[PDB]
Every structure is written in structure tokens, then in C-alpha cells.
Amino acid sequence: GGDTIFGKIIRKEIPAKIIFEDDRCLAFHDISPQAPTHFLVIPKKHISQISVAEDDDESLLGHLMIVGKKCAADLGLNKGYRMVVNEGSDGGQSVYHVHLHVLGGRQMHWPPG
Amino acid sequence: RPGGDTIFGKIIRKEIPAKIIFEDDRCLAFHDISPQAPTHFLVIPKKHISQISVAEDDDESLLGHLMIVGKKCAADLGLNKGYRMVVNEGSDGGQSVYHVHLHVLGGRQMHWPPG
């Protein structure tokens with residue numbers, strides 16, 4: 001799981017509002033939401049940041065996006081939504097465990113930050 | 001015509017020019033014509049998928065390949081302080097071209113919320 005708060009969430013050591021879980025990822029609502037619906041999809045494998053993901057991680061990263069879009073449909077986001085991965089300081093990455101943001105329920109604007 | 005006839009299908013088939021960063025059998029990376037950051041490029045599959053909400057379960061590897069190519073191109077472009085990847089879905093997501101595309105933006109501090 002890793003040495004971050006997201007590792008604690010994976011290990012069920014602190015609570016989170018879990019939306020979906022399987023053997024390789026976990027989706028849960030963001031504790032500081034930026035849209036009426038704002039959740040995260042994270043791998044259970046501790047990849048600290050997208051910049052260090054290996055080629056063998058391709059299917060896992062794609063799995064996060066497929067889970068993300070299936071959860072978005074399940075949460076009723078039929079008008080659309082935005083998916084975000086942050087990397088590093090300029091990207092605004094807040095936890096050094098790879099995570100996919102999914103935001104919806106309001107108009108998302110341009111530029112995306 | 002393989003890839004469809006959105007602007008991105010035309011770019012895939014070299015019918016409309018673009019500033020290409022990387023190309024392989026599965027995807028194409030090229031700079032955005034209206035950049036929202038000092039570096040702003042797109043990674044698209046060559047397979048036509050209109051939007052992420054209709055991607056199939058067996059598109060997992062392809063979607064992940066977009067992100068791996070995105071981060072490898074970011075490194076090759078010297079985005080050593082980081083970057084943001086964005087996929088827009090539908091009207092609320094701000095989608096304007098219905099051929100799946102991953103944005104990669106960097107070269108400045110990105111703000112929160114992401115739009």
C-alpha cells in the first residue's frame with residue numbers, strides 16, 4: 001500500500017467513503033472535494049508518481065481509467081466529467097501515491113488549472 | 001479512413017499538419033494548437049474511440065499506453081518540475097473533439113481546482 005495516507009486507506013486503517021474495490025485498485029470519495037462529485041481511483045501497488053511508472057504498469061494505469069469511468073456512470077455523471085493525474089510540484093501532486101481524480105456534477109472550466 | 005474524420009483522425013493520417021513529438025503503432029503525441037501552459041501536448045490513440053465513457057474493457061492497455069507515452073514525452077521535453085494530465089469527458093468535462101485525447105501540461109505551476 002505504501003508509506004502515505006493512501007496506503008492507510010488501502011489497508012483500512014483510516015476510514016474513507018469507498019465507491020469500488022477490486023484486487024488491484026480502490027475508488028473513494030475525495031476528502032476535500034472540488035466538485036459536487038469528486039473521487040479518486042488509486043492502485044493498490046505503491047507507485048509514487050506517474051513519472052516512475054514502468055511499461056509493465058500500462059494495463060494497471062488503464063484499469064484505473066476504466067474503473068474511473070464506470071464509477072462515474074454509477075454515480076450518475078451523465079453530462080460528463082474530468083479526469084486528472086498530477087505529477088510533481090508543478091503538477092500540484094498532493095500525495096506521493098499515484099491517483100486519478102474524477103470530478104463532475106458541475107461545468108469544468110478551461111484552462112484545467 | 002482509419003482513425004475517423006475528426007481533426008485528430010486527419011492528423012493521424014497526415015492530411016492536416018501537426019507538430020509531432022512521438023509516434024508508434026498505437027498512438028501519436030503532438031503539440032496543442034492553443035496551449036494553456038508553456039508546454040501543452042496531446043496523446044491520442046490511433047484507434048478511434050469517441051470518448052472515455054465508451055471505452056471498452058479491452059482498451060485498458062491502450063489507455064495506459066497513452067499515459068506512459070505522456071510521461072515519457074514529458075521527460076524528453078524537460079518537464080522536470082512536473083506536469084498535469086487531463087482527460088475531458090462530454091459537455092461538463094469540456095470535451096470539444098470526440099476522439100479520445102490525453103492532455104499533458106507543464107512548464108508552469110498548475111493550480112487547484114483543475115478548472
# chains A, B, ... in the order shown; residues from 1 in each chain; ligands from 1
>>> residues_around(residues="residue 27 of chain B", least_positions_apart="5", cutoff="10 Å", atoms="only C-alpha atoms", output="MDAnalysis selection string")
chainID B and resid 12 22 43:47 62:63 65:66 69 101
>>> select_by_dssp(residues="segment 11-94 of chain B", states="helix (DSSP H, G or I)", output="count of residues only")
29
>>> interface_residues(of="chain B", to="chain A", cutoff="6 Å", atoms="only C-alpha atoms", output="ChimeraX atom specification")
/B:36,53,60-61,63-65,71,81-93,109-112,114-115
>>> write_last_selection(atoms="N, CA, C and O atoms", output="mmCIF file, in the first residue's frame")
data_model
loop_
_atom_site.group_PDB
_atom_site.id
_atom_site.type_symbol
_atom_site.label_atom_id
_atom_site.label_comp_id
_atom_site.auth_asym_id
_atom_site.auth_seq_id
_atom_site.Cartn_x
_atom_site.Cartn_y
_atom_site.Cartn_z
ATOM 1 N N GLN B 36 -2.343 25.937 -23.180
ATOM 2 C CA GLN B 36 -2.774 26.522 -21.919
ATOM 3 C C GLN B 36 -1.655 26.552 -20.890
ATOM 4 O O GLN B 36 -1.890 26.922 -19.735
ATOM 5 N N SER B 53 -16.013 7.606 -21.992
ATOM 6 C CA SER B 53 -17.168 6.915 -21.424
ATOM 7 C C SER B 53 -17.615 5.713 -22.255
ATOM 8 O O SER B 53 -18.381 4.888 -21.744
ATOM 9 N N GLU B 60 -8.052 -1.154 -22.014
ATOM 10 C CA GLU B 60 -7.262 -0.801 -20.836
ATOM 11 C C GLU B 60 -5.797 -0.580 -21.185
ATOM 12 O O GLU B 60 -5.195 0.428 -20.789
ATOM 13 N N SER B 61 -5.188 -1.540 -21.882
ATOM 14 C CA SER B 61 -3.761 -1.436 -22.172
ATOM 15 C C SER B 61 -3.463 -0.213 -23.023
ATOM 16 O O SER B 61 -2.447 0.463 -22.820
ATOM 17 N N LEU B 63 -5.244 2.656 -23.178
ATOM 18 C CA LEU B 63 -5.370 3.868 -22.375
ATOM 19 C C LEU B 63 -4.161 4.047 -21.471
ATOM 20 O O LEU B 63 -3.655 5.160 -21.316
ATOM 21 N N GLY B 64 -3.690 2.962 -20.856
ATOM 22 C CA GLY B 64 -2.486 3.052 -20.052
ATOM 23 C C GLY B 64 -1.268 3.416 -20.878
ATOM 24 O O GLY B 64 -0.377 4.128 -20.409
ATOM 25 N N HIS B 65 -1.213 2.926 -22.118
ATOM 26 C CA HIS B 65 -0.113 3.283 -23.004
ATOM 27 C C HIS B 65 -0.098 4.783 -23.284
ATOM 28 O O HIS B 65 0.977 5.388 -23.394
ATOM 29 N N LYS B 71 4.071 10.463 -20.097
ATOM 30 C CA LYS B 71 5.121 10.782 -19.138
ATOM 31 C C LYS B 71 6.507 10.652 -19.758
ATOM 32 O O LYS B 71 7.420 11.395 -19.384
ATOM 33 N N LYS B 81 10.044 19.606 -13.376
ATOM 34 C CA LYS B 81 9.337 20.029 -12.173
ATOM 35 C C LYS B 81 7.931 19.458 -12.084
ATOM 36 O O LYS B 81 7.247 19.701 -11.089
ATOM 37 N N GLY B 82 7.483 18.728 -13.092
ATOM 38 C CA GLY B 82 6.197 18.062 -13.068
ATOM 39 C C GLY B 82 5.266 18.593 -14.136
ATOM 40 O O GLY B 82 5.635 19.424 -14.972
ATOM 41 N N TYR B 83 4.025 18.117 -14.081
ATOM 42 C CA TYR B 83 3.053 18.352 -15.144
ATOM 43 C C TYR B 83 1.708 17.791 -14.697
ATOM 44 O O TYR B 83 1.604 17.105 -13.675
ATOM 45 N N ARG B 84 0.680 18.091 -15.479
ATOM 46 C CA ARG B 84 -0.674 17.622 -15.215
ATOM 47 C C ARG B 84 -1.205 16.913 -16.449
ATOM 48 O O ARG B 84 -1.056 17.417 -17.568
ATOM 49 N N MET B 85 -1.813 15.742 -16.246
ATOM 50 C CA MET B 85 -2.515 15.017 -17.302
ATOM 51 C C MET B 85 -4.021 15.163 -17.115
ATOM 52 O O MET B 85 -4.525 15.098 -15.990
ATOM 53 N N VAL B 86 -4.736 15.378 -18.215
ATOM 54 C CA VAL B 86 -6.167 15.659 -18.157
ATOM 55 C C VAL B 86 -6.867 14.892 -19.264
ATOM 56 O O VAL B 86 -6.419 14.910 -20.412
ATOM 57 N N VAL B 87 -7.972 14.230 -18.930
ATOM 58 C CA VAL B 87 -8.898 13.707 -19.930
ATOM 59 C C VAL B 87 -10.261 14.327 -19.671
ATOM 60 O O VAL B 87 -10.776 14.253 -18.548
ATOM 61 N N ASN B 88 -10.841 14.932 -20.700
ATOM 62 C CA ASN B 88 -12.162 15.544 -20.612
ATOM 63 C C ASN B 88 -13.211 14.607 -21.190
ATOM 64 O O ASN B 88 -13.006 14.021 -22.257
ATOM 65 N N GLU B 89 -14.347 14.486 -20.499
ATOM 66 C CA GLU B 89 -15.464 13.685 -20.992
ATOM 67 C C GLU B 89 -16.714 14.544 -21.118
ATOM 68 O O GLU B 89 -17.173 15.132 -20.130
ATOM 69 N N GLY B 90 -17.263 14.609 -22.328
ATOM 70 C CA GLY B 90 -18.559 15.213 -22.544
ATOM 71 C C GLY B 90 -18.621 16.706 -22.266
ATOM 72 O O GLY B 90 -17.612 17.409 -22.155
ATOM 73 N N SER B 91 -19.860 17.182 -22.136
ATOM 74 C CA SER B 91 -20.099 18.621 -22.072
ATOM 75 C C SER B 91 -19.586 19.214 -20.762
ATOM 76 O O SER B 91 -18.885 20.233 -20.765
ATOM 77 N N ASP B 92 -19.925 18.584 -19.624
ATOM 78 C CA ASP B 92 -19.434 19.076 -18.338
ATOM 79 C C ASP B 92 -17.922 18.955 -18.240
ATOM 80 O O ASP B 92 -17.278 19.755 -17.553
ATOM 81 N N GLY B 93 -17.338 17.956 -18.906
ATOM 82 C CA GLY B 93 -15.896 17.825 -18.864
ATOM 83 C C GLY B 93 -15.154 18.797 -19.745
ATOM 84 O O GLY B 93 -13.929 18.904 -19.639
ATOM 85 N N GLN B 109 3.475 26.510 -12.803
ATOM 86 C CA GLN B 109 2.725 25.966 -11.678
ATOM 87 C C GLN B 109 1.263 25.806 -12.070
ATOM 88 O O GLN B 109 0.614 26.775 -12.474
ATOM 89 N N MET B 110 0.744 24.591 -11.946
ATOM 90 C CA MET B 110 -0.671 24.342 -12.169
ATOM 91 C C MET B 110 -1.434 24.552 -10.865
ATOM 92 O O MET B 110 -0.921 24.283 -9.775
ATOM 93 N N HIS B 111 -2.660 25.053 -10.988
ATOM 94 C CA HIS B 111 -3.461 25.479 -9.847
ATOM 95 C C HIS B 111 -4.561 24.465 -9.567
ATOM 96 O O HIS B 111 -4.868 23.599 -10.391
ATOM 97 N N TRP B 112 -5.166 24.604 -8.387
ATOM 98 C CA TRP B 112 -6.247 23.742 -7.936
ATOM 99 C C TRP B 112 -7.413 24.663 -7.602
ATOM 100 O O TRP B 112 -7.198 25.746 -7.067
ATOM 101 N N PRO B 114 -8.625 21.878 -10.770
ATOM 102 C CA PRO B 114 -8.194 21.790 -12.174
ATOM 103 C C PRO B 114 -9.297 22.231 -13.134
ATOM 104 O O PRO B 114 -9.804 21.450 -13.951
ATOM 105 N N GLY B 115 -9.680 23.501 -13.033
ATOM 106 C CA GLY B 115 -10.831 24.004 -13.765
ATOM 107 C C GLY B 115 -12.111 23.792 -12.979
ATOM 108 O O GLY B 115 -13.231 23.874 -13.498
#
>>> residues_around(residues="residue 70 of chain B", least_positions_apart="6", cutoff="9 Å", atoms="only C-alpha atoms", output="ChimeraX atom specification")
/B:29,41-43,85,102-104
>>> write_last_selection(atoms="N, CA and C atoms", output="compact mmCIF listing (two decimals), in the first residue's frame")
# COMPACT_ATOMS: atom_id res chain seq x y z
N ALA B 29 1.66 11.57 -30.26
CA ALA B 29 1.76 12.71 -29.36
C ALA B 29 2.15 13.96 -30.17
N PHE B 41 0.76 19.38 -24.77
CA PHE B 41 0.63 18.48 -25.91
C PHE B 41 -0.48 17.47 -25.63
N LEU B 42 -0.81 16.71 -26.67
CA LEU B 42 -1.90 15.75 -26.64
C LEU B 42 -1.34 14.38 -26.98
N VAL B 43 -1.86 13.33 -26.35
CA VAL B 43 -1.54 11.95 -26.71
C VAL B 43 -2.85 11.28 -27.09
N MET B 85 -1.81 15.74 -16.25
CA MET B 85 -2.52 15.02 -17.30
C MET B 85 -4.02 15.16 -17.11
N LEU B 102 -5.47 12.58 -24.33
CA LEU B 102 -4.88 12.91 -23.04
C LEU B 102 -4.08 14.21 -23.15
N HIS B 103 -4.44 15.24 -22.39
CA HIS B 103 -3.63 16.46 -22.31
C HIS B 103 -2.46 16.26 -21.37
N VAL B 104 -1.29 16.80 -21.73
CA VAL B 104 -0.17 16.92 -20.79
C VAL B 104 0.27 18.38 -20.79
>>> closest_residue(among="B:13, B:76, B:56, B:48", to="residue 97 of chain B", atoms="only C-alpha atoms")
B:48
>>> select_by_dssp(residues="chain A", states="strand (DSSP E or B)", output="ChimeraX atom specification")
/A:18-21,25-29,37-43,81-87,100-104
>>> residues_around(residues="residue 97 of chain A", least_positions_apart="6", cutoff="9 Å", atoms="only C-alpha atoms", output="number ranges by chain")
A: 1-7, 42-43, 45-50
